[PDB]
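Per-entry structural report
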Amino acid sequence: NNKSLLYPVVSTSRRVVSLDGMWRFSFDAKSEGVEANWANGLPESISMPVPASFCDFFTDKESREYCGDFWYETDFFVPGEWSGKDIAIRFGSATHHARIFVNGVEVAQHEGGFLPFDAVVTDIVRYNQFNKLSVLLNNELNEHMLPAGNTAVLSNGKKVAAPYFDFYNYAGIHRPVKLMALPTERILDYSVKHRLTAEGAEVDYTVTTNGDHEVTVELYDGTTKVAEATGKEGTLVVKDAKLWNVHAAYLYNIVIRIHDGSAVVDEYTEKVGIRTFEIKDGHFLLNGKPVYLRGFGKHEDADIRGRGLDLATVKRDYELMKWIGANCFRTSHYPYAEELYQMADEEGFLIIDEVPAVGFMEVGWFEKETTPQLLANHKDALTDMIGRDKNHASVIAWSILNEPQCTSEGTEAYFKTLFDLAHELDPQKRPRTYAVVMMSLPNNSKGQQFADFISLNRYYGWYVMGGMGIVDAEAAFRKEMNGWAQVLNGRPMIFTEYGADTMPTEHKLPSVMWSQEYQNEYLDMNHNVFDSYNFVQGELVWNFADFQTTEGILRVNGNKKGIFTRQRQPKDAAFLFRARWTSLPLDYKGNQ
Amino acid sequence: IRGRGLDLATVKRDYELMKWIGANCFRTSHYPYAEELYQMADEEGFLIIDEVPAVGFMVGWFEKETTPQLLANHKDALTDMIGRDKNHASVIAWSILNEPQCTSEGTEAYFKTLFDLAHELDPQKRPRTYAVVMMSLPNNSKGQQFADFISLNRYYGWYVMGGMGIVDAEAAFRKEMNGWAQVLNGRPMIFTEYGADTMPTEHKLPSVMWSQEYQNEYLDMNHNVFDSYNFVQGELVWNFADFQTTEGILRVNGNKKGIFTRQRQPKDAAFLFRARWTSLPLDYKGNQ
Amino acid sequence: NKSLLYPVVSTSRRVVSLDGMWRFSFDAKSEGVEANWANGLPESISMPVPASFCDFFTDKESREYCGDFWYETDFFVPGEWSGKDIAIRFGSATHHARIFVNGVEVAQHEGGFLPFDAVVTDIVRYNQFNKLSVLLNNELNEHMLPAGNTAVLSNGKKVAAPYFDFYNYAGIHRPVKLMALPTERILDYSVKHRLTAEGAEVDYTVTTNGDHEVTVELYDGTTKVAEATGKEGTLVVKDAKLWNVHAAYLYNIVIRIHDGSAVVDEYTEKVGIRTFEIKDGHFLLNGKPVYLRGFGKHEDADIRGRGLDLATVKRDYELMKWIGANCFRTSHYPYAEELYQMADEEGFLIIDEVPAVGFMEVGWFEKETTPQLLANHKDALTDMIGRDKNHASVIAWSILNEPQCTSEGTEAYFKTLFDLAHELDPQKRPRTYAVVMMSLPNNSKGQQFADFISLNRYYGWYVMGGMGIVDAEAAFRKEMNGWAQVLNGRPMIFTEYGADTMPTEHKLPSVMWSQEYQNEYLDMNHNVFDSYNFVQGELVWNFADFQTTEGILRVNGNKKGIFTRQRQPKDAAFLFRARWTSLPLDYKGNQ
Ligand SMILES: O=C(O)[C@H]1O[C@@H](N2CCN(c3nnnc4c3sc3nc(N5CCOCC5)c5c(c34)CCCC5)CC2)[C@H](O)[C@@H](O)[C@@H]1O
Ligand SMILES: O=C(O)[C@H]1O[C@@H](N2CCN(c3nnnc4c3sc3nc(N5CCOCC5)c5c(c34)CCCC5)CC2)[C@H](O)[C@@H](O)[C@@H]1O
Ligand SMILES: O=C(O)[C@H]1O[C@@H](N2CCN(c3nnnc4c3sc3nc(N5CCOCC5)c5c(c34)CCCC5)CC2)[C@H](O)[C@@H](O)[C@@H]1O
C-alpha cells in the first residue's frame, strides 16, 4: 500500500492536473444509481461547481436540505506520456462517505468528510484519452461517526439531517480534486523535529519511501543550500538558523530525492519552518519564550459555497486576523483545507488542529453500544490529521474532541486510547487538549485529567445568567475558576470558546442581548475574569465570523457570535479586540 | 421610548394601519388598554376582545398556596374591566386569562368563579373566553369547557417543528384540530395567537426561520389549516408590531413576531395579510 | 499565431492552471523594471489569482492603489513538452499588462477584459521551474476602454477617477493557464446556422497556421452526425436538435489537422445550433419571436472584486432561472468565457458588450485622442467578437454604453464600428448600443446605426422621482411617442431602468430608497413598456448590488440590485418573478 497524505506537488518526477470546475451532479433519492449503472453516466444531471458544498446554490429548501446519496461526475484526460507512471486522483476531502468509480470500476471508499484520500487508477485509465470519474457521496449522520448526529425521516418520507452539532450539515466536494502522475518508487512521508543549539538549530528528519534506492535531504535558505544529509533518517545542521516566530515567519525549502545513480527517481519539495513549542511551568514556550494565545474559533464557511475552499476568502480572513492582532486559531470541529495551514506557515500564525469529534453528547455517551465503532473512526481521523499536518510550523497543539460528555462512564478508557495515540503519532510530541463543555466541571469531569492543557468553552453571560444577570454570571464564573485552580496541577488553561450572538445592525443604549453594545460588555466581563487568574494563558473567542447552522428559534439565519460578519466586515467588538490584543505583549502573563 | 405610555399619535397610526391591512378586530393582549383606544375603536368600527392581565399562571398552578389571594385580585380586575368598558360598542367579548396552566388540579373551581362572575356583571352577556396554551390539549384541558368560544394560541412551525419540519408541523396541527372538533359541541373557535419572529431586514431564498420569507410561508401553512375547519371563525395573528421583552437568548431586542416594525412600518407579511383579509367577505365562512 | 480559442486538452494539447497564491507587490515609484523585479520581488505579499487585489486589504491606500503593481509565480514546464509550442493564456489582466518570463519581456496587452497569450517556447527551461512576472497598471485615461481620468492627490498619490459607475477593480481576474500546443495548429473557426426542411446545416470555416488537411466532425453525444473536409464546408445535421431558450442542446465539434495517419492537432468545443434575427420588429430565435427579459449584470462579488468564481456564477444562474429571466447583457465589459459556457448550457440569451463606457462630458467624439480611442475600441470589438461568436447564447453585440452620441463626430466613429462588427461576425447578429438619457429621438446622431434601439431610462429615479412620478410617466410617454417616429420598424428594448433600494428599508407610503418605492417604480415603468408595441424586451438595472467608487450618491456601492450582493432577493425580485413567469415566451410577438 502506497498511502501518502503529502500535499500534491509538481517536480522533475511528479505531475499534477486540477480537475476542479463545473462537474455533473444528480441526487439519488432511491439509492438506485449503482445497480442502474450511473457510474458510467448520469441519466439526468445538472451542473455543479467543485469545490463547493451543493446546498446553497438551490432556491428550493428540499434540495438545500437533501440527505442521502448523490453523485458527482466529470471526465479527465490522461496524457499518453504518463504511461510509465503511477496514476492517482487526490481528493482534498469528500463529505461525508465516499465511493469512487473510474470508467465504471469502483476504485476507492472513504469515511470522514474532512481529510484527504487518493484513488489509484493506473491500470483502469485509457491513455491519451478521456476517462469518466464518478463520485457517489452520502451525507447522512449517525452516532458512530465524526461529526456525530442523527438522520430523521419527515412525515412525507424525506430524510433530513439532525446534527448533534451547531453547524449546518454542508456536504459535497469541498476541496480541490487533483490528478497526479507519480514515479513507481516515491516518497510517501517525511517528518521533522527541531532542536535549538548554541550554533543555530538542528532538524532531525525521517523519510518513508516504497523502495530501497538512496534518499537525500537538502535544506535551502531561498536558493542557498544550508544543510544536507543522506539516508532515510538524519540531522540537518543549520548554522545561525532563522527561526519561525509569531507574526515573523521564516520558511526554508526542503528538497527530498530518491537517487538511482545519476538519475533522480523522485523529488518532493515543501516549505519548512524551524521552531520549538512546549509547555513548561504553566506557559506555552515558542522557541523558548512564552506566548499568550489570542484569536478565534473559525469555520470553513462563507456565503454561497458552504465549506468549499476559496483562496480569496482565506486571504481576506488572514488580513483581518492580522489587523485585529490575533496570533492563534483552532480548526473548530474539523481539519481544514491544507491551504489554510500553508498560509498560517507564511504569516506566522499558531494553529490548534482539531478532528471532527463533536456531538458526543446527550445511558451516557461513552457507554453506547456503538462506542467501539466510533473509537475506530476517531483513531482513523486522528491518525490522518496528525499524519497530514505534523510538519507545519504553525500547528502547535492537537484538540482531540469538542464538548464531549466527559462526565459519562467509559470516558477514561476512550480518552486514554486517543491521547496515547496522539503522543505516539506526533514526532514533535506537541501538547494535547479537548474543548470542555459547560456541563463538565472540575469536580465531575472524567476527561480533564488527560489534557496537557485545559481548554474551556464557557458562556457565562450568554447561555447562563445573561443580561441583567451578568453580575451573577461573573460570580458563577469565578466560582468555577476557583474549582479549576484545584485540579490544574500547574497545567495552563485557555479559553477555546466564549461569545454572544450579535446582529451587526443592532445598537441599543442601555444594552440588550443581541446588541453590539451587549457583545462588548459581555467580552469585557470575560476578559476581567481571564486577567484575574494566573493560569489563563490564552483566549480564543467564538467565532471569527457569523456562520450557517440548521434553522431554529435560537439561530437568526445561522450563528451570530461572529466578531466579523459572514461578509468579513467588523462589528463593534472587532475594534475592542483590536485595542486589547495589539496592546498585550506577546509574552503577556508569561511570568505567572 | 415611552414604554406603555399613552400616545394618541401612535394610536392614530395603528388604526390607519389596521384599516389599510383589512383588520376588523384586536384583543387587548395581556392587560386592559387605556380608555382612549376603545374610544377610537368605537369611532372606527373595530371589534375588541377585552382581556384582564391574568397572564403568567405557568404542584399545579391552581394548587398553589397563594391561589385564594390570586383569585381575589383576579375578581377585582375582571370587575373593574367590565365595569369600565361595558358600554363600548367595540367591546364584544371578555378574555379572562392568557395561557393559564388549565391542565392543573384546581382549574375548575378557579375558572367557574370567574366565568360566572363575567356573566353576572355584563348586562349584555357578551361571550367569554381565554387564550389556551399549547400544552393544553382537547383531551386534558380542565378549563376549555368553561369558554363560550375557544381561543387557541398555537405556534406550529415556530416553537414546534419549525424549518424543514413544517411539513410535520402541519400534520400535527391537523391532528390536534381533529381532536378539538370532538369537544367543541358546536362552539366556534378563533386563533388568538400564531406567528414567527422575523427580522424586518432579513431576506433569504430558500427561507430560514427569522427571514421574512419564512414568516410568509409560516402564515400560509397556518391559514391553510384554518380554512380547512368549518368551526374556525376568526384569526388574530401575534403580533401587530414588534414589542419589548426582557433580555434573553430568544429575544433579538424584544419580540419580533410583529407584522409591522415597532416604528409602524410593514414587513413583507403585512402585504400578505392585506391581500388575504381584504379579499375575504365580512361574513366569510358564515354558513359553515 | 494569435488565437482566442478557449484552452482545451486534446490528443495534441495540454493545459495546466497557474491559479493559486502568487507573490504581489505595489510599485509606487515605477522602479521595478530597471531594478530587476522581473527576476524576483525584493519585497512581496501573497495574493490569490484570480481576484481583484483591492478588497483584501484593511487600509484604503492599498484598496485605492493606482499605478504599477506586480504579480509573480514560478511554473513548471515538463520536459516531455519539448518540441511543442509553449504559451501562457491570460483570461484577462486589468488594465495594461507587460509579461516577463525568466526576466525576458515576451508580451504586452491593452484592455482589461479580454484574453491574450504569451508565447515562451524558446525562453523556458524544460523539466524545470520558470519565473512568470506580470507588471500591471490600472491607471485610467480618456482614450481607453473603459474611459476615465487618473487624479493626483495633494500628497502625491494617484487615485482613479472613472467616468463610469463601477469601482476600478484591477488585478488578474480570470484563470491563467499554461499550454502545450502543436507547432501547426488550429487558431480559429466559425459556425453559421441555417434551418432546412430536413433539419439544419452548419456553415463553417477553420483557420490554421499551416497547409495540412483539415476535417470537421459533429457529434451528438459520442455519436457522429456530420463531417466534412476542407477549411470551409457545411455540416448537414438531419433532425437537428435545436438550441432554445431554457431548453439548450449542445453538439460536440471536433476539428483536426491531418498529416496522413497522424492527427497533428485536435480542437474540441460545444456548439448549439440556432438562428437569431430581427424580422418585422421582432426578435426571432429559430424563427419564433422571443420577448427578452432579464438584467444588466456585473462581474462583482464580495471580497474578490471581478475575480471569476464558479460558485457565484452557479448561484446567479439559479436565481435568474427562478425569477424567469431569459437574457442578460454583459454590462460594460466582456465577461469571463465561463459565464457564456453556462449560458450555452442553460439556454440563456446574452447581449455581448465591449467596455466602451464613459464616453461623455467640444464634444466627446471631437476630442484630440478620438482616433486613439477608436483604435482601442476596434481591437476590443475584434477580440470580443472573435472570442465569443460561436456561442449559441450570444445573440447581439452592444458596441457602447451611454456615449455622448449627440456629439459632433459621432457618425464617422459609429459607422466604423458598426461596419466592423459585420466584417467580424459571420452570423451578422443584430448590433446595438445603450442610449443615454440626454440622447433623444431628435438629437441623437448615433441611434440611426443601431439594428435595434436599447434605452437606459430612469424616469422616476434620476428624473421626477418620488411624488413627481406622475410627471415622470407623462414625460416618459412623450419621449416614447418621439421614438415611435424614428424607429422605422426597428424593435426597441430597455437595457437599463431601476431604483436604488436598501434591502433593509420598508415604508408606507413609500419613499425613494425603500423596497415599496422600488416596486412602484418598476410597475410604472412596466405600464409604459406594455403601452408600446415596439418594446420587445426589458433588462432591469441591476441583477445585484455592486461596488462603485465612494460618493454621496452611493450607499456602499450601487443599490439598484434586484438581489443583494450576497445574492438574496429584495421584494422586487418577487415582483419580477410573478411578471416574467406570467409573460409567454413570445409576449407581444404579433405586434
Ligand atoms: O452555541 C454556540 O454558539 C457554540 O458553542 C459550543 N457549544 C456550546 C454549548 N452548547 C449550547 N448550545 N445552545 N444552547 C445551549 C448550550 S449550553 C446551554 N445551557 C443552557 N442553560 C444551562 C442550565 O442553566 C440554564 C441555562 C441553555 C441553553 C444552552 C440554551 C437553551 C436554554 C438554556 C452547544 C454549543 C459549540 O462548541 C459551538 O460549535 C457552537 O457554535
Ligand atoms: O412567544 C411569543 O411570541 C408569545 O406567545 C405566547 N406564549 C406562547 C408559548 N410560550 C413559549 N415561549 N417561549 N418558548 C416556548 C413557548 S412554548 C414552547 N415549546 C417548545 N417545545 C415544546 C415541546 O415540543 C417541542 C417544542 C420550546 C419552546 C417553547 C422554546 C424553547 C425550545 C422548545 C409562551 C408565550 C404569549 O401568549 C405571548 O405573550 C408571547 O409573546
Ligand atoms: O446610475 C446607475 O445606477 C447606472 O445607470 C447608467 N447611467 C445612467 C445615467 N447616469 C447618471 N448617474 N448619476 N446621476 C445622474 C445620471 S443622469 C442624471 N440626470 C439628472 N437630471 C437631468 C436633467 O433633468 C433633471 C434630472 C440628474 C442626475 C443624473 C443626478 C442628480 C440629479 C439630477 C450615468 C449612469 C450606467 O449605464 C450604469 O453603469 C450605472 O450603474
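Its PDB header names X-ray crystallography as the technique used to obtain the model and reports a resolution of 2.20 Å.

1. Points about the sheet that holds strand 18 (residues 224-230) of chain A
Residues and elements named next belong to chain A. With antiparallel pairing, 4 strands are arranged side by side in an open sheet as 18-17-20-21. Each edge of the sheet is formed by a strand with only one pairing partner; in this case those strands are strand 18 and strand 21 (263-272). Direction aside, the axes of adjacent strands within the sheet are offset by 20° on average. In this structure, strand 17 (residues 214-221) lies alongside strand 20 (residues 252-260), joined through 7 bridges in antiparallel fashion. Each residue of the ladder has a partner; that of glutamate 218, found in strand 20, is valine 255.

2. Looking at the pattern of salt bridges
Residue and element names in this part refer to chain A. Counted by the stated rule, this structure contains 114 salt bridges over all chains. For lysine 242, the salt bridge is made with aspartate 221, and the minimal N-O distance between the two is 2.7 Å. Taken as a pair, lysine 242 in the loop between strand 19 (233-239) and strand 20 and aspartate 221 in strand 17 lie far apart in primary sequence, 21 residues in all. Its relative accessible area of 38% is what places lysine 242 among the partly exposed residues.

3. Looking at the site of ligand 3
Residues and elements named next belong to chain C. Around ligand 3, the surrounding shell holds 14 residues, and the nearest of these are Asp165, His332, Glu402, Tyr462 and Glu496. Within the side chain of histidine 332, one N or O atom sits 2.7 Å away from an oxygen atom of ligand 3. In this structure, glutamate 402 approaches ligand 3 through a side-chain N or O atom, which is 2.7 Å from a nitrogen atom. Calculation on ligand 3 without its partners gives an accessible area of 750 Å², and the protein chains cover 60% of this total. In terms of residue class, the shell around ligand 3 is made up of 5 nonpolar, 4 polar and 5 charged.

4. Quick look at the interface of chain B and chain C
Every contact between the two is made by 15 residues of chain B and, on the other side, 15 residues of chain C. A buried area of about 1200 Å², summed over both sides, lies between chain B and chain C, and 58% of it is on carbon and sulfur atoms. Run the count over chain B and chain C and you get 0 salt bridges. Remark: the boundary between chain B and chain C carries 9 residue pairs in polar contact. Elements with a contribution of two residues or more to the side of chain B that touches chain C: helix 1 (8-21), helix 6 (212-226) and helix 7 (268-277) of chain B. Looking at the side of chain B that touches chain C element by element, the count peaks at 3 residues for helix 1 of chain B.

5. Describing helix 7 (residues 516-532) of chain A
Residues and elements named next belong to chain A. Over its 17 residues, helix 7 runs 25 Å from end to end, which matches the ideal 24 Å to within 8%, given 1.5 Å per residue. Here helix 7 has its buried residues at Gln516, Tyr518, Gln519, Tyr522, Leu523, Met525, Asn526, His527, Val529 and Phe530. Contacts made by the buried residues of helix 7 are with helix 6 (470-487), strand 31 (493-497), strand 32 (536-542) and helix 8 (572-581).

6. Considerations on helix 6 of chain A
Residues and elements named next belong to chain A. Taking 1.5 Å as the rise per residue, helix 6 with 18 residues should run 26 Å; its terminal C-alpha atoms sit 26 Å apart, in good agreement. Those residues of helix 6 not exposed but buried are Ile470, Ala473, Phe477, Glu480, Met481 and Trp484. One face of helix 6 carries all of its buried residues, which in axial projection span an arc of 105°. Exposed and oriented more than 90 degrees from the buried face of helix 6 are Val471, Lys479 and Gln486. Note on helix 6: the residue one or two positions beyond its end, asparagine 489, has a positive phi of about 55°.

7. What to know about the interface of chain C and chain A
In this complex, chain C contributes 38 residues to the contact, which on the side of chain A involves 39 residues. In total, about 3100 Å² of surface goes out of reach between chain C and chain A, with carbon and sulfur atoms giving 61% of it. Counting every contact that joins chain C to chain A gives 6 salt bridges. Residue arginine 305 of chain A pairs with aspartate 309 of chain C through a salt bridge whose shortest N-O separation is 2.7 Å. Inspection of the chain C/chain A interface yields 15 residue pairs in polar contact. The leading source of residues in the side of chain C that touches chain A is helix 2 (residues 310-323) of chain C, at 8 residues. Partitioned by chemical class, the residues of the side of chain C that touches chain A number 17 nonpolar, 8 polar and 13 charged.

Reading guide: rules and limits
Residues numbered from 1 in each chain as written, not as in the entry; some residues may be left out. Chains lettered and ligands numbered in written order. Part of a larger assembly, values for the part shown. Heavy atoms only, no water. Residues with missing side-chain atoms left out of burial classes, pairs and counts. Pairing = 2+ DSSP bridges. Helix = DSSP H or I, 4+ residues; strand = E, 2+ residues; numbered from the N terminus. Axes fitted to C-alpha atoms, helices over the stretch in contact; angles between N-to-C directions. Salt bridge = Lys/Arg side-chain N within 4 Å of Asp/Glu carboxyl O. Buried < 20%, exposed > 50% of the residue type's maximum accessible area, 1.4 Å probe, protein only. Near = heavy atom within 4 Å. Polar contact = N/O pair within 3.5 Å; in protein donor to acceptor, adjacent residues only side chain to side chain. Areas by Shrake-Rupley, 256 points an atom, 1.4 Å probe, with all protein chains shown as cover. Nonpolar A, V, L, I, M, F, W, Y, C, P; charged D, E, K, R; others polar. Contact = heavy atoms within 4.5 Å. Buried area = accessible area lost by both parts, 1.4 Å probe. Expected span 1.5 Å × (residues − 1). Arc of directions from axis to C-beta.

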